[PDB]
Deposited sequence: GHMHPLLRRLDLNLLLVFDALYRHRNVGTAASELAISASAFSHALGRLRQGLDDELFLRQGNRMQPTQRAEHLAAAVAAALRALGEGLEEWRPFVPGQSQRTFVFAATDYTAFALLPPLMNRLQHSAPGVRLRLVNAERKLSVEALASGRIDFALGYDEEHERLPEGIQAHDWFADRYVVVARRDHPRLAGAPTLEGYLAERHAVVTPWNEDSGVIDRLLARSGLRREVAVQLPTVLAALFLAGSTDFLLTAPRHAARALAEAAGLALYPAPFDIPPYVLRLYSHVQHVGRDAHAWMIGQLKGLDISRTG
């Protein structure tokens, strides 16, 4: 191309940050340059490309058509380059300003981050994490393209994917403290007589407990499905609904939500929280996997 030779490729970072942030202030912050230098860089990109690229519309900077068409190409270019350069020298935790991106849910964020970041805030003070909601627990392509470094969840692995287990726990049945129909653990029949709250973190049709019960031809009555366990626990606290939840979350919220926790009157295998990654993926990744060790999760 004759354009690559004329265009200051450093302006591509400006273009990419603004397309993602739609905001000059937060894009300039990501880039660690001043609002003024950012605005000047945008004027140059406008001149280099003979296009406005982004016009302010209230809050937001909105891309033109030419910008919209260029955006995936630039982000693909920067991904190839960044991966390229990461491989280049070994990972240095004390100096790293890298962001690790995890696909996660509220429960994995809750389980993982507080003890991980209690460490990282000291041993790696410039490393950042970014957790995102994903439409699936485990997208290989996202892991393969390096858009996402890790995925979190639990429970045979797709190809190119490995896991590192980092927490193991069990499910309990949760009800509010003064539930009218509990004077100990529900029986199977008593559990199946109530209405249930169910956590579906990827907007699945049934919960993990529903599918478990199906193996035995059992079905519960569902009052509410929601993606978030911590909110589910406050819901159980203010209603007569039962929630079958990770015990680690339920204990953390038992006093705040006013909850009682009970064994389930059917078997539920203990679960193990795991970190998924792509086999392709590397010093930064190994360092993070190694951090998941010294980790006492409560």
Hey, which stretches of the deposited sequence didn't make it into the model? 1 to 3, 159 to 162, 289 to 290, 308 to 310
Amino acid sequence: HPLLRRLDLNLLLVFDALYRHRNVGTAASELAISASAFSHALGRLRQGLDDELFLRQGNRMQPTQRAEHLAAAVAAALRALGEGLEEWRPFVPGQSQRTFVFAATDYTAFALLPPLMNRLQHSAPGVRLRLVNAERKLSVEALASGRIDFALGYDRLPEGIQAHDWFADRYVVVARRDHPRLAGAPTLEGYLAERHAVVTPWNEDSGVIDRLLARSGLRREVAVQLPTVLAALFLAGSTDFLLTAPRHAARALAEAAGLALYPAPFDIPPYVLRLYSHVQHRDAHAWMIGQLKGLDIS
From here on, numbers count along this sequence of modelled residues.
So which stretch wins on mean C-alpha B-factor, 250 to 258 or 29 to 37? 29 to 37
Going by the entry, of stretches 157 to 165 and 98 to 106 the one with greater average Cα B-factor is 157 to 165
Out of 90, 227, 115, 126, residue topping the C-alpha B-factor column of the entry: 90
Whose C-alpha has the highest temperature factor in the PDB entry: 200, 133, 145, 121? 145
Assert third(CA B-factor, residue 21) within chain per record equals lowest
Among all modelled residues of this chain, ranked by Cα B factor, put residue 264 in the bottom, middle or top third, i.e. lowest, middle or highest. middle
Please rank the C-alpha B-factors of the chain's modelled residues and tell me whether residue 195 sits in the lowest, middle or highest third. middle
Chain third (lowest, middle, highest) by recorded CA B-factor, residue given as residue 279: highest
Could you place residue 177 in the lowest, middle or highest third of its chain by Cα temperature factor, using the values in the record? middle
